[PDB]
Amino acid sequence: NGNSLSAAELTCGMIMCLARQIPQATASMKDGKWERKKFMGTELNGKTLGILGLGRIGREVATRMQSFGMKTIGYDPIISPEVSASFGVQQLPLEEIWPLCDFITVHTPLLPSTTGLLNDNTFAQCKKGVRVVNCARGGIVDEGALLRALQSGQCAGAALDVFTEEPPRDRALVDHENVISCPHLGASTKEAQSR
């Protein structure tokens, strides 16, 4: 609320980090390497961003990523399509979202309906090479399914601020070359902290 913009800004950061592999490129430089071919990336302009959860954080994400020319679609069980249209998000049923997205970001609470919202079934309906962000709640993205989708290339990259257990004991996701991560930093700014 007081921390909505901190959250939204970390999410946008993560999206940019996935498009350009900035954390991986920094690690590579720090290891003494100069690896230009390895870190060929993608432009955000013209890509589709699906936003699951169209509350304050999701809305803030949307208007920022609209400035980059992303097409912003999404889903929210409460917010009407005319209202989301007023902040530039096209609402579609979930089943229509999966195959359209280049990026997916989640901004929901953790409920039975949202636990494993992204799972083996929903990854298989995604466009091959989708990139996923979870800066909301650990478990919205099923971690097992995410790992399997990273291993197959079905998911080209994930950015995780949050984990089912914190700190995470299973390290397979964190250690993956296409996963970027933070120790639950979404609200960790001097401004959010200092009301």
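One rule holds for the numbers: they count along the sequence shown, beginning at 1.
Per the PDB record, of the two stretches 96-104 and 77-85, 77-85 carries the greater mean B-factor over its C-alpha atoms. Between the stretches 26-34 and 60-68, it is 26-34 that shows the larger average CA temperature factor. Residues shown: 49, 155, 160, 40. Highest C-alpha temperature factor in the entry: 40. When the CA B factors of the chain's modelled residues are split into thirds, the value for residue 118 lands in the lowest one.
Sort the chain's modelled residues by C-alpha temperature factor and residue 174 lands in the highest third, per the entry. Per the deposited record, the Cα B-factor of residue 45 falls in the middle third when ranked against the other modelled residues of its chain. In the deposited entry, the Cα temperature factor of residue 54 sits in the middle third of values across the chain's modelled residues. Ranked by C-alpha B-factor against the other modelled residues of its chain, residue 147 falls in the highest third.
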